[PDB]
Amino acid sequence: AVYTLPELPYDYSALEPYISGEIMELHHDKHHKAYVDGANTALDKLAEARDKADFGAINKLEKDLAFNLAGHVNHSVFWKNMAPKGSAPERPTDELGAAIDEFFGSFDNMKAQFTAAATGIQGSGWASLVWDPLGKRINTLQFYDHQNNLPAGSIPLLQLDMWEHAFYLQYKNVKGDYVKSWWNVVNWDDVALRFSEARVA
């Protein structure tokens, strides 16, 4: 198949007590898996349309592709963006840390803007730290669902899933507590990797 479900780089319960193993298992095995199948199906349907020379359902297929592929992209990044508490540095450093200070003033200011974007979403969405290739800078974006509210070419560096399934079982309606706990499991080494590959554009 064109798309495959990547395995978590850690145990389902490795992110506790910040994110429960219950959520991690349901989130990965159920949710992420669905996006993989949906993205594969969307492409299969588009190829079928081309062969039959009938693009009557093009609007449906393009949304199915964007929604599912974006869901696949976002979650793939999400898993690697995290790691067990004491496994990685608690703060960005080197070029990444410098870039954060340059475009946000400081690490704390970056977190403040990112958190505000994360808890204020009206509906399902994501908070994301991205590399803007045009302006050559790091910005924060607030995705709607998986595929809305973002410029083409945006390269994800750090993403936080704000869909209710990502936190409801543990934090219920208190989104602030979820975001607060999540910072404790962010793998800044992975974010640095994504920044290095993004900046080399």
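Residue positions are given as counts along the sequence shown, with the first one as 1.
Here 152-160 and 46-54 are compared by their mean Cα B-factor, and 46-54 comes out higher. Mean CA B-factor, 127-135 versus 91-99: the higher value falls on 91-99. The top Cα temperature factor in the record, among 70, 174, 141, 166, falls on 174. Ranked by Cα temperature factor within the chain, residue 111 sits in the middle third according to the deposited record. Ranked by Cα temperature factor within the chain, residue 75 sits in the lowest third according to the deposited record.
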